[PDB]
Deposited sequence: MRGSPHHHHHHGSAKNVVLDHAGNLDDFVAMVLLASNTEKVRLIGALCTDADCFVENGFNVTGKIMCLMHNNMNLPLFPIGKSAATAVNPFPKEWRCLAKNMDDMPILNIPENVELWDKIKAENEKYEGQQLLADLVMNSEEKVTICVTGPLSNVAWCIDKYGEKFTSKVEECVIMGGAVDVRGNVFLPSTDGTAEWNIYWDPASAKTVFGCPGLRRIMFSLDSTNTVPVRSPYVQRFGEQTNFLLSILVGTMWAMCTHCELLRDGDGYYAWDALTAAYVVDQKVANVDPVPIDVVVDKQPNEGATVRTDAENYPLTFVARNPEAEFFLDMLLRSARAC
């Protein structure tokens, strides 16, 4: 098992990624998670992270891990539209089974004392072995760590598996002020993304929309979790995916098993200018620019099977 820290934005797929990571203890040792008040009010995201962790901890061999609320603030907020859906998960019956909430309530205080970014920095730097950061939300936190600790931080990162950007496909940020070339996580904080993608000595695996677009949330598959209602994770996963792509889940799946996707190096830069394409992750020919390993043609079935099986961990 390799150390993994989940740096997420608290949206539905962030939690599916969390489930994926957490449930695969053979491959992943989830030593921490941080939630950014991005796709949600860090509040609900933080709580759901904890409720999921506790549900898992009380039902399978998943060690408790610190959970930090990131202090990162958006450059460009996620649409209020979806965004705060963690609020809705916070209230799902599956995440409010008494023994689990009882645990969360007991360990909540210890977690409330963490500042997400510093926790990310500490978890990575103080780990004996290198840490794989699964970033399913904006890059504000990994960027903060780099800005603050440079190499002391990046050298301790096995690799940063990032869900974000759109390299050779359209983005998904369609607003009156944008040209749709940017992807949401990058668009949330382009500057931090620039820092991360341009950081040499930081191995980055990038699950841009190029790969995530090829593995959409399909009804028949989601209904298969109904075949596993005896498993809490299936009720959990099935329920989340049954709400308004497996972006983050795909990203986390890779962390569990890189067979999820081949990756090809691409020098990725980010447009941080308040321009229509703000947040666009673009190929750059600038010499010696750091390479990012963009996932390509993910193994949809492999991933879909992985998720279904992982959803049986408990």
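The chain's deposited sequence has unresolved stretches at 1 to 13, 258 to 269, with no C-alpha coordinates there.
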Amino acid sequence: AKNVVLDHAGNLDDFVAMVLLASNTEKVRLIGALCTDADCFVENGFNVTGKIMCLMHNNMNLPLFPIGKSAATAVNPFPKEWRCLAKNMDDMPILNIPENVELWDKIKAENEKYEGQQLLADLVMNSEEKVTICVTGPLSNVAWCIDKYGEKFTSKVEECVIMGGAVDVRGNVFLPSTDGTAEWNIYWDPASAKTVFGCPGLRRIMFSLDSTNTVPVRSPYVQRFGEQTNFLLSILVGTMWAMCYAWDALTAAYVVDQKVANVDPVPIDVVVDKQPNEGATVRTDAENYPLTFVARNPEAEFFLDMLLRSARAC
From here on, numbers count along this sequence of modelled residues.
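Just going by the entry, 286 to 294 versus 12 to 20 on mean CA temperature factor gives the higher value to 286 to 294.
For the pair 270 to 278 and 55 to 63, the mean B factor over Cα atoms is greater in 270 to 278. Of the candidates 214, 140, 96, 234, the deposited coordinates give 214 the top C-alpha B factor.
Of the candidates 92, 243, 193, 133, it is 243 whose Cα B-factor is highest according to the PDB record. Placement of the Cα temperature factor of residue 106 within the chain: lowest third of the modelled residues, per the deposited record. In this PDB entry, the Cα temperature factor of residue 88 sits in the top third of its chain's modelled residues, the highest group. The PDB entry assigns residue 227 a C-alpha temperature factor belonging to the lowest third of its chain's modelled residues. Sort the chain's modelled residues by C-alpha temperature factor and residue 77 lands in the highest third, per the entry. Among all modelled residues in its chain, residue 154 ranks in the highest third by Cα B-factor.
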